[PDB]
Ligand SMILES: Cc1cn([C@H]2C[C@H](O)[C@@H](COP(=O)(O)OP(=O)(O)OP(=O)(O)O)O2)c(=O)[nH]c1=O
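Take a look at this single chain in structure tokens; it is the form solved without this ligand.
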């Protein structure tokens, strides 16, 4: 029973609830009082748990969600693709993480990931996103976006605990939505590639997309590489050594050498992209 779960009671104090629907592969948040899309930075587009539950029913939505802010104490930790078919932990780093950080844990909507909610603060020296080789991922946020709430409790972990989160340094990569602005810009211009199907020449699809990235990122080869890794054209081959470098690095360099134009926020030259949309 969702409302008897202690973690849900603590979150039900805040009027920061939304509902969500699945679109293709993405989960878009909606305003639970009028069924319109919701900003994750505007407070009055959200509701309390009761309004979100009434909105869930009213609009046939897929589930509830909770919007994180910098003033509330909650930290959202997303462990993606870390569960097997019998809902047990297959990844070692996840097993390590759940030993070190014990707090409210639930299974994701898809059923192959975990969410962890903690009362605390993120250290300022770690990246929000960390990919692993096998396919799993660690995402961490305390503000700016929403989080889906299923209520499907993992391992009886039903309560949000006040914890130190220094131990995320063992798992997350350290640092010393601007890439996401480019990704979001590319998606609404039709410049985001499809995942490859039966007939496709993947290596040729890489180069077409690498040419596009060179324009939109403006020949910043590291940003191109960081965006490429999030795209559906990513594979192990990207990091396979080739000659003195990798297949990926050689692909990104040739694209930078090839393309004549570069995207400029100042001049506003969206149309100057010489390649037509997908």
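Throughout, rigid core stands for the largest set of C-alpha atoms superposing within 1.5 Å between the two forms. Numbering follows the first chain given and starts at 1. Residues that one form lacks are left out of the comparison.
In the deposited entry, the stretch joining residue 176 to residue 177 is interrupted by 10 or more residues of the deposited sequence lacking coordinates.
Remark: stretch with higher mean C-alpha B factor among 234-242 and 209-217 is 209-217. Between 88-96 and 142-150, the higher mean Cα B-factor belongs to 88-96. When the Cα B-factors of 118, 79, 168, 185 are read from the PDB record, 185 comes out highest. Note on 159, 201, 180, 72: the highest value goes to 180, judged by CA B factor as recorded. When the CA B factors of the chain's modelled residues are split into thirds, the value for residue 133 lands in the highest one. For residue 268, the recorded CA temperature factor ranks within the highest third of the chain's modelled residues.
Placement of the Cα temperature factor of residue 195 within the chain: highest third of the modelled residues, per the deposited record. When the modelled residues of the chain are ordered by C-alpha B-factor, residue 223 sits in the highest third. Per the PDB record, residue ranking by Cα B-factor puts residue 254 in the middle third of the chain.
Heads up, the form solved in complex with this ligand isn't pictured, but that's what we're talking about next.
Only one segment in the set 94-102, 147-155, 181-189, 119-127 has any non-hydrogen atom within 4.5 angstroms of this ligand in the entry with it bound, and it is 147-155. In the entry with it bound, no heavy atom of residue 74 sits within 4.5 Å of this ligand. Contact annotation: residue 80 falls within 4.5 Å of this ligand in the entry with it bound, judged by heavy atom distances. Heavy atoms of residue 29 reach within 4.5 Å of this ligand in the entry with it bound, making it an interface residue. Among heavy atoms of residue 112, some come within 4.5 Å of this ligand in the entry with it bound. No residue in 68, 61, 49, 210 other than 210 shows a CA shift of 2 angstroms or more between the shown form and the other one after fitting the rigid core.
After superposing the rigid core, the C-alpha of residue 251 moves by 2 Å or more between the shown form and the other one.
Comparing the forms between the shown form and the other one on their rigid core, the Cα displacement of residue 192 reaches 2 Å or more. With a cut-off of 2 Å and the rigid core superposed, residue 137 has a Cα displacement that falls short of the cut-off between the shown form and the other one.
Core aligned; the single run of 3 or more residues with all CA shifts at 2 Å or more between the shown form and the other one is 177-278.
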